[PDB]
Amino acid sequence: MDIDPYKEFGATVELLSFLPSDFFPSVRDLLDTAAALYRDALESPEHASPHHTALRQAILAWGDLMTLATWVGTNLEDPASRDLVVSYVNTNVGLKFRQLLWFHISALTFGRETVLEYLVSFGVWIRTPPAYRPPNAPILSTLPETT
Amino acid sequence: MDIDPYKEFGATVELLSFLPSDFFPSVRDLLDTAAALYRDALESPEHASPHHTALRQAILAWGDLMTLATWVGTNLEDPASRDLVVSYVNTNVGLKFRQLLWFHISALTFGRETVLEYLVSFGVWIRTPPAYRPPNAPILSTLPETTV
Amino acid sequence: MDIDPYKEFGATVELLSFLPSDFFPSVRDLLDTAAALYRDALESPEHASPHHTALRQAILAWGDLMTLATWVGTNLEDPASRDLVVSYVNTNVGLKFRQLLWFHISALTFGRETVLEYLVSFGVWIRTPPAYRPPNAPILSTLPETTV
Amino acid sequence: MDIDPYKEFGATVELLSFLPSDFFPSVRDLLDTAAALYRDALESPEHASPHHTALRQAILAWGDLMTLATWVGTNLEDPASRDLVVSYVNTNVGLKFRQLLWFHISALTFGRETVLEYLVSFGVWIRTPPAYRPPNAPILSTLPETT
Amino acid sequence: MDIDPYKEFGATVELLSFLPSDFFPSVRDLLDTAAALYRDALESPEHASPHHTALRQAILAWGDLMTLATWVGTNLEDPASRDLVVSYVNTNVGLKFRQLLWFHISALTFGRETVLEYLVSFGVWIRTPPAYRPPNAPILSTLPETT
Amino acid sequence: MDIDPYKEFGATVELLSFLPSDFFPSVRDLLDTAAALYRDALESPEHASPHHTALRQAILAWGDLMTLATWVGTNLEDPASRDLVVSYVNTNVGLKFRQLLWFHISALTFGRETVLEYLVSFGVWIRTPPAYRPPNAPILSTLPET
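Chains as they are written, first to last, in the authors' numbering: chain B, 1 to 147; chain A, 1 to 148; chain A', 1 to 148; chain B', 1 to 147; chain C, 1 to 147; chain D, 1 to 146. A prime marks a further copy of an entry chain.
Structure follows, in structure tokens:
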């Protein structure tokens, strides 16, 4: 039903429609990335931030898909369509999931504020006719060291 | 990697295994319920608690699944295996999901501690010779508890 | 020599005799449980209580038995008596062990005093004409007890 | 499962692998010994020390075996293997049990500290090529009487 | 038994797996770089810091391997494997070593902290898409850094 | 390059040619020893001291060997020597790894200083001719006596 998984973070999806599919890091990369940067902090009993919390679901709910897709190729007698699903997933979904992921992840490094204040600007970048924006998009930078 | 979705709320799957994988109510029952009791409280910018947050995904991931399920039927000219998959879902994932899902909700009514304090007990009830399991299983009434 | 394993926790075997030697849950049930609830708390240098300690042996002595049981099959070319022995174990020692074992665990959830305060009662329930034993035996729910 | 029955006493089994089978007192002797030194204190309702407690299990769990072995020789029609089990026990187990026992027992006489500080040193003794250690091993001595 | 060489210097193995095997310098380079800069410091009696202390081991345990692979041609002119043994090494373990190896050396010039933050903020450079990441990958300069 | 793993502890290798190669207990005994006394003390985040730090590096480079040694028998069955690797190992190196290995542990329970003063004593108990050598040898005293 009508419920945004971001409203909770003073944010929205209606907001990330803008992200180019060509933007995100291979899922695999994101997973690796993440858990290699926080693991101890996750296999942890402290729901430190709601981001921490939230995240994890995403991961498992997904780990249920890569722990699914390997039940599909295993238990299926149709070589033509068994390969067609994986496409939907690793493509039409890797997005719905990378989209999400990266968000939290990177964000759990630059606060929220430091982030949203990113999207904001970027929103416009892409939103602007190829012939008008600089080949150099705006990037994630830990704000400067003068507070 | 080893990462339990419960450790956070002082709990484990290693636990739940107790419960008959056939105990938790059909999802239709859970959603029809929950959301018709917390909705306005969820289509909300405040995350009053982690439990709240926890759901959201669940629901969306699943409503990403049923958003999937109905698609599969549209884009798959093989009625043989096509109708199969959902057997691993409205049944093999129903578990993995009804399981969790339920859980949460409850606390959001009785209490994390009040819940953990549930399982346990029930755990006994089940693994207790048939001859001695009081036909009256254990449940979750809100405090029929006194005023005084 | 006369030495009860319970005197220590204000209790006696002379007691337990109450309980149907067939009440206590199959061990597989107990271990699968317990250890999946206290493990990290036991593979621990602190002995938070005697009850804790008490277990350890039990488990090890038994896991010294099942460590035995599976050996007997390897080193005994007499399928007749070989398969017999385990009849005196998964059955005649299951009692002596499931019996005790269970016990402990419980307290580590409700309370020594809260437990002794169990038996008793139940003791009545059983030795009470069939016509008057309320089909609902007595059990161990954690405090459904009020807040107020 | 992976759980040491000694971790509880700042000790370990991985630690007693070193004890020579030829070290311990006949089980029978240990039993006799023990209960003849503490009996009253055991048929007692006071779990004074966790050692007391612990111990007792060991004893009974064992008293269940000598109250077993005498159900084996009684209820068995195979004179060839009925004698082969007792060997495993009174040998491959009398160890697992004497090993243990002696520990507590003797220890419940020289504190723990006074004990562990024993094993420690001894560890090395045996650990040392026959041609190098003194025929005179290190023994259990109530520490001297100047505190 | 499982234990990590990093839990010590606030770090993890799984972490370095964060970096492409093709990244780290070939041993040859490193050794030269190293001892041609610290020699004095090392052939010294001062355990100036754990980094030193530790590391040193590494070398010798390894020197025993380049003092091993040579003895695999003195008494082993056998099949095709006098070749595909050194591979596995230089492909599987040489990495496990040049991995860690590098690591230390660095800190001994940049500072534990200065380092960790490297990997972190860097491993993501590459892990992050083309036109969406800075021109170059951020790297080492002494003076400015720690949180 | 020529460098010692001991100059760091006021001690040297050349200082152990002292001790008969046939002295240091089979690794198995040693390995077991350690972890049965520092299992938690090492899977630990505190580099409690240099000593600790040391070990770890040793075991792992060695754990890569006993994780190796059992791959020299899997993907190799040539002459009667996929077994001879271990007749140089447990003879010429398992020795220096038995050496070092021990070293530490000891001073980790007996004070490095209190230790050297061991070798010292020993590097004579041995260099001392047979008939004139004593019955018993010197060992690790956390203060007992006769």
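Cβ coordinates follow ideal geometry from the N, Cα and C atoms, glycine included.
Keeping to the same chain, check which residues put their C-beta closer than 8 Å to that of residue i; ignore five residues upstream and five downstream.
i, result
"A:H47", "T53"
"A:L76", "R82"
"D:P20", "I126"
"D:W102", "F24, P25, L30"
Using the beta-carbon of each residue, which ones in chain B' are nearer than 8 Å to residue i?
i, result
"A':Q57", "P5, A54, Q57, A58, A61"
Rounded to whole angstroms, what is the Cα-Cα separation between residue i and residue j?
i, j, result
"C:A36", "C:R28", "12 Å"
"C:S106", "D:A61", "21 Å"
"A':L65", "A':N90", "10 Å"
"D:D2", "C:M1", "32 Å"
"C:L16", "A:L16", "36 Å"
"C:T146", "A:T128", "59 Å"
"A:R133", "A:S141", "20 Å"
"C:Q57", "C:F9", "16 Å"
"A':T70", "A':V86", "10 Å"
"D:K96", "A':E43", "35 Å"
"B':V120", "A':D40", "27 Å"
"A':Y38", "B:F110", "38 Å"
"A:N92", "A:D22", "11 Å"
"A:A131", "A:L116", "26 Å"
"B':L143", "D:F18", "34 Å"
"A:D78", "A:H51", "41 Å"
"A:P45", "A':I59", "51 Å"
"A:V148", "A:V72", "58 Å"
"A':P135", "A:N136", "9 Å"
"C:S49", "B:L108", "33 Å"
"B':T74", "A':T74", "23 Å"
Which residues of chain A' have a Cβ atom closer than 7 Å to the Cβ of residue i, listed in chain order?
i, result
"B':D2", "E43"
Could you check if residue i is buried or exposed, using at least 16 other CB atoms within 10 Å of its CB as the buried criterion?
i, result
"D:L84", "exposed"
"B':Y118", "buried"
"B':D4", "buried"
"D:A80", "exposed"
"C:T67", "exposed"
"C:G63", "exposed"
"B:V124", "exposed"
"B:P25", "buried"
"A:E113", "exposed"
"B:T33", "buried"
"B':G94", "buried"
CB-CB under 6 Å to residue i, same chain, minus the five flanking residues each way: which ones, in chain order?
i, result
"B':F122", "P138"
"A:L55", "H104"
"C:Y88", "none"
If you drop the 5 nearest sequence neighbours on each side, which residues of the same chain put their C-beta closer than 7 Å to that of residue i?
i, result
"A':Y6", "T12, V13"
"D:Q99", "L16, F24"
Quick one: which chain B residues come within Cβ less than 9 Å of residue i?
i, result
"C:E14", "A35, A36, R39"
Which residues in chain B' sit within 7 Å of residue i, going by Cβ to Cβ distance?
i, result
"D:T91", "By Cβ distance, chain B' contributes nothing, its closest Cβ being about 16 Å from D:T91, past 7 Å."
Taking C-beta pairs closer than 9 Å, name the residues in chain C that residue i reaches, listed in chain order.
i, result
"D:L116", "Per Cβ cutoff of 9 Å: no residues; D:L116 is ~13 Å from chain C at best."
"B:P135", "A131"
I want to verify the contact list: residues of chain A whose CB lies under 8 Å from the CB of residue i, in sequence order.
i, result
"B:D32", "Per Cβ cutoff of 8 Å: no residues; B:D32 is ~11 Å from chain A at best."
Would you mind telling me which residues of chain C sit closer than 8 Å to residue i, beta carbon to beta carbon, in chain order?
i, result
"D:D64", "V93, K96"
"B:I139", "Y132, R133, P134"
Using a C-beta to C-beta distance shorter than 9 Å, which residues of chain A count as neighbours of residue i?
i, result
"B:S106", "Near B:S106 there are no residues of chain A at all, since even the closest Cβ is about 18 Å away, more than 9 Å."
"A':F23", "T128, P129, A131, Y132"
Closer than 7 Å by beta-carbon distance: list the chain D residues that pair up with residue i, in chain order.
i, result
"B':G123", "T33"
"C:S87", "Within 7 Å Cβ-Cβ: nothing; C:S87 doesn't reach chain D, min ~11 Å."
Quick one: list the residues of chain A' neighbouring residue i, beta-carbon separation under 9 Å, in chain order.
i, result
"A:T74", "Those within 9 Å of A:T74 in chain A' number zero; the least Cβ separation is about 44 Å."
Interface residues of chain C around residue i at Cβ under 7 Å?
i, result
"D:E8", "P45, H47, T53"
"D:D78", "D78, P79"
Could you tell me which chain D residues have their CB closer than 8 Å to the CB of residue i, listed as they occur along the chain?
i, result
"C:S17", "The premise fails here: C:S17 is roughly 15 Å from chain D at the closest Cβ pair, so nothing lies under 8 Å."
Does any residue of chain G have a CB that is nearer than 8 Å to the CB of residue i?
i, result
"A':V148", "Among the protein chains of the structure shown, namely B, A, A', B', C and D, there is no chain G."
Give the residues of chain B in contact with residue i, contact being defined as C-beta atoms less than 7 Å apart.
i, result
"A:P50", "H47, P50, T53"
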